[PDB]
Amino acid sequence: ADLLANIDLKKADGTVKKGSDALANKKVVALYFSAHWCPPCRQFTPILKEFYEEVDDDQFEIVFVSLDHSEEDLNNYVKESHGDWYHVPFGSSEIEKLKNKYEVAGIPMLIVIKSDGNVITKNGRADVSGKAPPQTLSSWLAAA
């Protein structure tokens, strides 16, 4: 089973294919939940692009799941800052489905999954950047 087998996924060049074709041979997929309106998001995205380009690994893929408020904002964000990975089209019902499935509210969030959808780690952001302020403050509070 692979999570996104039947979902339309798009690249910056505008081409669309089904997840069964886009993510074939991917062993690890990172779901990146983000939006242009979010200042921590905009700071993390270049660090994510650097990671993606350094590893240069055809077993790995990123899928952007946008919390942007319009298709214009989604597309400009991708063009301005993202590496050459896939994203879910604006307006797709899959955006909400994925947010619900992974319990995403606050962003940025980088959820690293097996191709079947099981979570490897919800802490993709910290693994990539070395930092994740909400989770850090939460463990401080939980010790206080």
# chains A, B, ... in the order shown; residues from 1 in each chain; ligands from 1

$ select_by_dssp --residues "region 2-102 of chain A" --states "alpha helix (DSSP H)" --output "ChimeraX atom specification"
/A:19-22,39-55,71-81,93-101

$ residues_around --residues "region 115-120 of chain A" --least-positions-apart "2" --cutoff "6 Å" --atoms "only C-alpha atoms" --output "MDAnalysis selection string"
chainID A and resid 1:3 27:28 112:113

$ write_last_selection --atoms "N, CA, C and O atoms" --output "PDB file, in the first residue's frame"
ATOM      1  N   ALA A   1       0.888  -1.169   0.000  1.00  0.00           N
ATOM      2  CA  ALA A   1       0.000   0.000   0.000  1.00  0.00           C
ATOM      3  C   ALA A   1       0.934   1.230   0.000  1.00  0.00           C
ATOM      4  O   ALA A   1       1.985   1.207   0.659  1.00  0.00           O
ATOM      5  N   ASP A   2       0.590   2.254  -0.778  1.00  0.00           N
ATOM      6  CA  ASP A   2       1.297   3.528  -0.713  1.00  0.00           C
ATOM      7  C   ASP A   2       0.329   4.648  -0.644  1.00  0.00           C
ATOM      8  O   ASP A   2      -0.550   4.774  -1.493  1.00  0.00           O
ATOM      9  N   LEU A   3       0.524   5.450   0.383  1.00  0.00           N
ATOM     10  CA  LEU A   3      -0.363   6.509   0.801  1.00  0.00           C
ATOM     11  C   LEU A   3      -0.977   7.351  -0.313  1.00  0.00           C
ATOM     12  O   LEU A   3      -2.208   7.607  -0.307  1.00  0.00           O
ATOM     13  N   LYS A  27      11.484   5.243  -1.011  1.00  0.00           N
ATOM     14  CA  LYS A  27      11.449   4.519   0.235  1.00  0.00           C
ATOM     15  C   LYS A  27      11.020   5.437   1.404  1.00  0.00           C
ATOM     16  O   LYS A  27      10.400   4.968   2.426  1.00  0.00           O
ATOM     17  N   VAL A  28      11.344   6.727   1.284  1.00  0.00           N
ATOM     18  CA  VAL A  28      11.044   7.686   2.411  1.00  0.00           C
ATOM     19  C   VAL A  28      10.431   8.887   1.760  1.00  0.00           C
ATOM     20  O   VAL A  28      10.995   9.383   0.769  1.00  0.00           O
ATOM     21  N   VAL A 112       8.083  12.735   8.366  1.00  0.00           N
ATOM     22  CA  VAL A 112       8.858  11.818   7.533  1.00  0.00           C
ATOM     23  C   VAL A 112       8.147  10.493   7.622  1.00  0.00           C
ATOM     24  O   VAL A 112       7.972   9.983   8.735  1.00  0.00           O
ATOM     25  N   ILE A 113       7.715   9.951   6.493  1.00  0.00           N
ATOM     26  CA  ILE A 113       6.933   8.705   6.470  1.00  0.00           C
ATOM     27  C   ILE A 113       7.557   7.640   5.555  1.00  0.00           C
ATOM     28  O   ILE A 113       8.309   7.940   4.598  1.00  0.00           O
TER      29      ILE A 113
END

$ closest_residue --among "A:122, A:87, A:99, A:49" --to "residue 8 (chain A)" --atoms "only C-alpha atoms"
A:87

$ select_by_dssp --residues "region 31-73 of chain A" --states "strand (DSSP E)" --output "list in words"
residues 31, 32, 33, 34, 60, 61, 62, 63, 64, 65 and 66 of chain A

$ write_last_selection --atoms "C-alpha atoms" --output "PDB file, in the first residue's frame"
ATOM      1  CA  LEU A  31       5.459  15.634   3.978  1.00  0.00           C
ATOM      2  CA  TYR A  32       6.241  19.329   4.343  1.00  0.00           C
ATOM      3  CA  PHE A  33       3.333  21.363   5.795  1.00  0.00           C
ATOM      4  CA  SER A  34       4.035  25.089   5.346  1.00  0.00           C
ATOM      5  CA  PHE A  60      13.857  10.204  -1.162  1.00  0.00           C
ATOM      6  CA  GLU A  61      11.114  12.679  -2.031  1.00  0.00           C
ATOM      7  CA  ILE A  62       9.380  15.759  -0.552  1.00  0.00           C
ATOM      8  CA  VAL A  63       5.667  16.517  -0.979  1.00  0.00           C
ATOM      9  CA  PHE A  64       4.625  20.156  -0.009  1.00  0.00           C
ATOM     10  CA  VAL A  65       1.156  20.292   1.574  1.00  0.00           C
ATOM     11  CA  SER A  66       0.152  23.970   1.453  1.00  0.00           C
TER      12      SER A  66
END

$ closest_residue --among "A:18, A:97, A:114, A:11" --to "residue 83 (chain A)" --atoms "only C-alpha atoms"
A:11

$ closest_residue --among "A:136, A:59, A:108, A:39" --to "residue 124 (chain A)" --atoms "only C-alpha atoms"
A:108

$ closest_residue --among "A:89, A:94, A:106, A:4" --to "residue 20 (chain A)" --atoms "only C-alpha atoms"
A:4

$ closest_residue --among "A:107, A:9, A:55, A:35" --to "residue 133 (chain A)" --atoms "only C-alpha atoms"
A:107

$ closest_residue --among "A:102, A:91, A:5, A:19" --to "residue 69 (chain A)" --atoms "only C-alpha atoms"
A:91

$ residues_around --residues "residue 73 (chain A)" --least-positions-apart "5" --cutoff "10 Å" --atoms "only C-alpha atoms" --output "compact mmCIF listing (two decimals) with C-alpha atoms, in the first residue's frame"
# COMPACT_ATOMS: atom_id res chain seq x y z
CA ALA A 35 2.75 28.40 4.02
CA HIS A 36 4.14 31.68 2.76
CA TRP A 37 2.36 33.64 5.50
CA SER A 66 0.15 23.97 1.45
CA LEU A 67 -1.70 25.96 4.17
CA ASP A 68 -1.47 29.03 1.84
CA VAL A 78 7.06 27.29 -4.62
CA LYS A 79 8.71 29.39 -7.36
CA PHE A 90 -4.42 24.15 -4.30

$ atom_distance --atom1 "CA of residue 12 (chain A)" --atom2 "CA of residue 40 (chain A)"
22.2 Å

$ atom_distance --atom1 "CA of residue 14 (chain A)" --atom2 "CA of residue 104 (chain A)"
26.3 Å
